[PDB]
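Engineer: The structure file final.pdb (PDB, C-alpha atoms) is provided below.
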```pdb
ATOM      1  CA  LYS A 220       3.446 -51.376  25.479  1.00  0.00           C
ATOM      2  CA  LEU A 221       0.347 -49.839  23.860  1.00  0.00           C
ATOM      3  CA  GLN A 222       0.013 -47.198  26.576  1.00  0.00           C
ATOM      4  CA  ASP A 223       3.644 -46.215  26.049  1.00  0.00           C
ATOM      5  CA  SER A 224       2.998 -45.860  22.312  1.00  0.00           C
ATOM      6  CA  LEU A 225      -0.044 -43.635  22.866  1.00  0.00           C
ATOM      7  CA  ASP A 226       1.777 -41.391  25.348  1.00  0.00           C
ATOM      8  CA  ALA A 227       4.674 -40.988  22.914  1.00  0.00           C
ATOM      9  CA  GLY A 228       2.236 -40.137  20.126  1.00  0.00           C
ATOM     10  CA  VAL A 229       0.481 -37.406  22.091  1.00  0.00           C
ATOM     11  CA  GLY A 230       3.841 -35.989  23.140  1.00  0.00           C
ATOM     12  CA  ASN A 231       4.887 -35.933  19.494  1.00  0.00           C
ATOM     13  CA  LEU A 232       1.684 -34.022  18.754  1.00  0.00           C
ATOM     14  CA  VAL A 233       1.856 -31.226  21.296  1.00  0.00           C
ATOM     15  CA  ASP A 234       5.493 -30.874  22.429  1.00  0.00           C
ATOM     16  CA  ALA A 235       7.835 -27.989  21.650  1.00  0.00           C
ATOM     17  CA  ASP A 236      11.522 -27.674  20.749  1.00  0.00           C
ATOM     18  CA  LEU A 237      13.180 -25.559  23.430  1.00  0.00           C
ATOM     19  CA  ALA A 238      16.436 -25.183  21.490  1.00  0.00           C
ATOM     20  CA  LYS A 239      14.596 -23.018  18.958  1.00  0.00           C
ATOM     21  CA  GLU A 240      12.667 -21.125  21.633  1.00  0.00           C
ATOM     22  CA  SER A 241      15.938 -20.037  23.253  1.00  0.00           C
ATOM     23  CA  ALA A 242      17.139 -18.392  20.031  1.00  0.00           C
ATOM     24  CA  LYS A 243      13.763 -16.774  19.410  1.00  0.00           C
ATOM     25  CA  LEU A 244      13.693 -15.461  22.985  1.00  0.00           C
ATOM     26  CA  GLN A 245      17.140 -13.892  22.630  1.00  0.00           C
ATOM     27  CA  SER A 246      16.239 -12.160  19.373  1.00  0.00           C
ATOM     28  CA  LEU A 247      12.916 -10.894  20.735  1.00  0.00           C
ATOM     29  CA  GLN A 248      14.487  -9.518  23.918  1.00  0.00           C
ATOM     30  CA  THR A 249      17.034  -7.603  21.846  1.00  0.00           C
ATOM     31  CA  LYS A 250      14.289  -6.301  19.558  1.00  0.00           C
ATOM     32  CA  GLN A 251      12.210  -5.091  22.517  1.00  0.00           C
ATOM     33  CA  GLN A 252      15.211  -3.278  23.991  1.00  0.00           C
ATOM     34  CA  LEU A 253      15.720  -1.605  20.615  1.00  0.00           C
ATOM     35  CA  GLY A 254      12.028  -0.721  20.369  1.00  0.00           C
ATOM     36  CA  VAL A 255      12.021   1.120  23.685  1.00  0.00           C
ATOM     37  CA  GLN A 256      15.011   3.179  22.522  1.00  0.00           C
ATOM     38  CA  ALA A 257      13.312   3.886  19.182  1.00  0.00           C
ATOM     39  CA  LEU A 258      10.204   5.141  20.982  1.00  0.00           C
ATOM     40  CA  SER A 259      12.428   7.338  23.149  1.00  0.00           C
ATOM     41  CA  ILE A 260      14.020   8.776  19.995  1.00  0.00           C
ATOM     42  CA  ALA A 261      10.598   9.421  18.465  1.00  0.00           C
ATOM     43  CA  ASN A 262       9.329  11.256  21.560  1.00  0.00           C
ATOM     44  CA  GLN A 263      12.051  13.922  21.504  1.00  0.00           C
ATOM     45  CA  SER A 264      10.818  15.292  18.169  1.00  0.00           C
ATOM     46  CA  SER A 265       9.189  18.755  18.008  1.00  0.00           C
ATOM     47  CA  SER A 266      11.217  19.917  21.029  1.00  0.00           C
ATOM     48  CA  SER A 267      13.235  22.248  18.779  1.00  0.00           C
ATOM     49  CA  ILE A 268      10.257  24.512  18.020  1.00  0.00           C
ATOM     50  CA  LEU A 269      10.710  26.507  21.230  1.00  0.00           C
ATOM     51  CA  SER A 270      13.998  27.989  20.008  1.00  0.00           C
ATOM     52  CA  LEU A 271      12.158  29.746  17.168  1.00  0.00           C
ATOM     53  CA  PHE A 272      10.057  31.801  19.594  1.00  0.00           C
TER      54      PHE A 272
ATOM     55  CA  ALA B   2      14.602  44.679  -3.391  1.00  0.00           C
ATOM     56  CA  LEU B   3      17.227  43.788  -0.743  1.00  0.00           C
ATOM     57  CA  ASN B   4      15.331  45.956   1.770  1.00  0.00           C
ATOM     58  CA  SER B   5      11.719  44.808   1.328  1.00  0.00           C
ATOM     59  CA  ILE B   6       9.557  44.770   4.452  1.00  0.00           C
ATOM     60  CA  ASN B   7       6.804  42.533   3.036  1.00  0.00           C
ATOM     61  CA  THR B   8       8.714  39.412   1.972  1.00  0.00           C
ATOM     62  CA  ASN B   9      12.033  37.600   2.153  1.00  0.00           C
ATOM     63  CA  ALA B  10      13.057  34.487   0.242  1.00  0.00           C
ATOM     64  CA  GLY B  11      15.722  33.464   2.752  1.00  0.00           C
ATOM     65  CA  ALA B  12      13.122  32.336   5.272  1.00  0.00           C
ATOM     66  CA  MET B  13      11.215  30.440   2.576  1.00  0.00           C
ATOM     67  CA  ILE B  14      14.282  28.535   1.392  1.00  0.00           C
ATOM     68  CA  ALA B  15      15.400  27.804   4.957  1.00  0.00           C
ATOM     69  CA  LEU B  16      11.927  26.400   5.633  1.00  0.00           C
ATOM     70  CA  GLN B  17      12.075  24.206   2.534  1.00  0.00           C
ATOM     71  CA  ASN B  18      15.448  22.746   3.507  1.00  0.00           C
ATOM     72  CA  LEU B  19      14.261  22.138   7.073  1.00  0.00           C
ATOM     73  CA  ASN B  20      11.204  20.272   5.774  1.00  0.00           C
ATOM     74  CA  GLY B  21      13.398  18.099   3.562  1.00  0.00           C
ATOM     75  CA  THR B  22      15.573  17.199   6.534  1.00  0.00           C
ATOM     76  CA  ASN B  23      12.473  16.366   8.580  1.00  0.00           C
ATOM     77  CA  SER B  24      11.206  14.017   5.861  1.00  0.00           C
ATOM     78  CA  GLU B  25      14.522  12.164   5.716  1.00  0.00           C
ATOM     79  CA  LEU B  26      14.479  11.898   9.515  1.00  0.00           C
ATOM     80  CA  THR B  27      10.990  10.393   9.348  1.00  0.00           C
ATOM     81  CA  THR B  28      12.152   7.745   6.877  1.00  0.00           C
ATOM     82  CA  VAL B  29      15.166   6.788   8.999  1.00  0.00           C
ATOM     83  CA  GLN B  30      13.072   6.617  12.174  1.00  0.00           C
ATOM     84  CA  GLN B  31      10.578   4.324  10.448  1.00  0.00           C
ATOM     85  CA  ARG B  32      13.443   2.046   9.399  1.00  0.00           C
ATOM     86  CA  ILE B  33      14.696   1.922  12.991  1.00  0.00           C
ATOM     87  CA  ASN B  34      11.235   1.254  14.451  1.00  0.00           C
ATOM     88  CA  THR B  35      10.229  -1.589  12.163  1.00  0.00           C
ATOM     89  CA  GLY B  36      13.744  -2.950  11.645  1.00  0.00           C
ATOM     90  CA  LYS B  37      13.392  -3.316   7.878  1.00  0.00           C
ATOM     91  CA  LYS B  38      13.667  -1.239   4.711  1.00  0.00           C
ATOM     92  CA  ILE B  39      10.510  -2.393   2.910  1.00  0.00           C
ATOM     93  CA  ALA B  40       7.907  -2.346   5.690  1.00  0.00           C
ATOM     94  CA  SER B  41       4.826  -1.000   3.897  1.00  0.00           C
ATOM     95  CA  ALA B  42       3.538  -0.839   0.330  1.00  0.00           C
ATOM     96  CA  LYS B  43       4.774   2.744  -0.077  1.00  0.00           C
ATOM     97  CA  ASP B  44       8.451   1.819   0.301  1.00  0.00           C
ATOM     98  CA  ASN B  45       8.529  -0.571  -2.663  1.00  0.00           C
ATOM     99  CA  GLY B  46       5.424  -2.154  -4.143  1.00  0.00           C
ATOM    100  CA  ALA B  47       7.120  -4.977  -6.032  1.00  0.00           C
ATOM    101  CA  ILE B  48       9.401  -6.184  -3.244  1.00  0.00           C
ATOM    102  CA  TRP B  49       6.685  -5.841  -0.601  1.00  0.00           C
ATOM    103  CA  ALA B  50       4.237  -7.911  -2.646  1.00  0.00           C
ATOM    104  CA  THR B  51       6.900 -10.535  -3.354  1.00  0.00           C
ATOM    105  CA  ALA B  52       7.795 -10.855   0.330  1.00  0.00           C
ATOM    106  CA  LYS B  53       4.151 -11.108   1.425  1.00  0.00           C
ATOM    107  CA  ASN B  54       3.373 -13.883  -1.038  1.00  0.00           C
ATOM    108  CA  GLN B  55       6.594 -15.726  -0.200  1.00  0.00           C
TER     109      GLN B  55
END
```
Since I need it in another form, could you write the structure as C-alpha cells?
Structural biologist:
Amino acid sequence: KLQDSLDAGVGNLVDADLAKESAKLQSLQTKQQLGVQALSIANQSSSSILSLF
Amino acid sequence: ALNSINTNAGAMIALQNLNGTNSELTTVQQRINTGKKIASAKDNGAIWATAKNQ
C-alpha cells in the first residue's frame, strides 16, 4: 500500500495534462504556418526599386 | 517656374507620399509577424507595461 502511495505521489509531481497540450500544439502549428507566410511577405519588399531605373 | 531644369516639387511630394505608405506597411507587417497590436514599448507604453506586469 505504501509503495502505491509513493508512486502516485511522484506521478502527481511530474506528470502532464495531455488535453491541454493538444490545444497548445494546434495553436502553435497554426502560428508557425502563419509565421512562414509573414516571412515570405517580408522578403518581397524592396523588389519595386528596379522599376525606377 | 513651370519649366525649371534645376528642381521639381512633384517628385518631392511623390517621394513623401511613398514614404508614408512604406511606414504604414511596416506597421501592418509588424502586427502580422508578432500577432498582436501592442508588441513593444513604442506601440503603447501604458498598455504594454500593464500587460507585462499582469
Engineer: Run the PyMOL selection byres ((chain B and resi 33) around 10) against the file shown and list the residues it catches, as a PyMOL selection string.
Structural biologist: (chain A and resi 253-254+256-258+260) or (chain B and resi 27-32+34-38)
Engineer: Would you mind reading off the distance between CA of residue 49 in chain B and CA of residue 21 in chain B, one decimal, in Å?
Structural biologist: 25.2 Å
Engineer: In Å, with one decimal, what is the gap from CA of residue 10 in chain B to CA of residue 25 in chain B?
Structural biologist: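 Those two atoms sit 23.0 Å apart.
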Engineer: In Å, how far is it from CA of residue 269 in chain A to CA of residue 4 in chain B?
Structural biologist: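 For CA of residue 269 in chain A relative to CA of residue 4 in chain B, the distance reads 27.9 Å.
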Engineer: When distances are computed from all atoms listed in the file, which of B:3, B:52, B:19, B:42 shows the smallest separation from chain A?
Structural biologist: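 Under the stated criterion, the closest residue is B:19.
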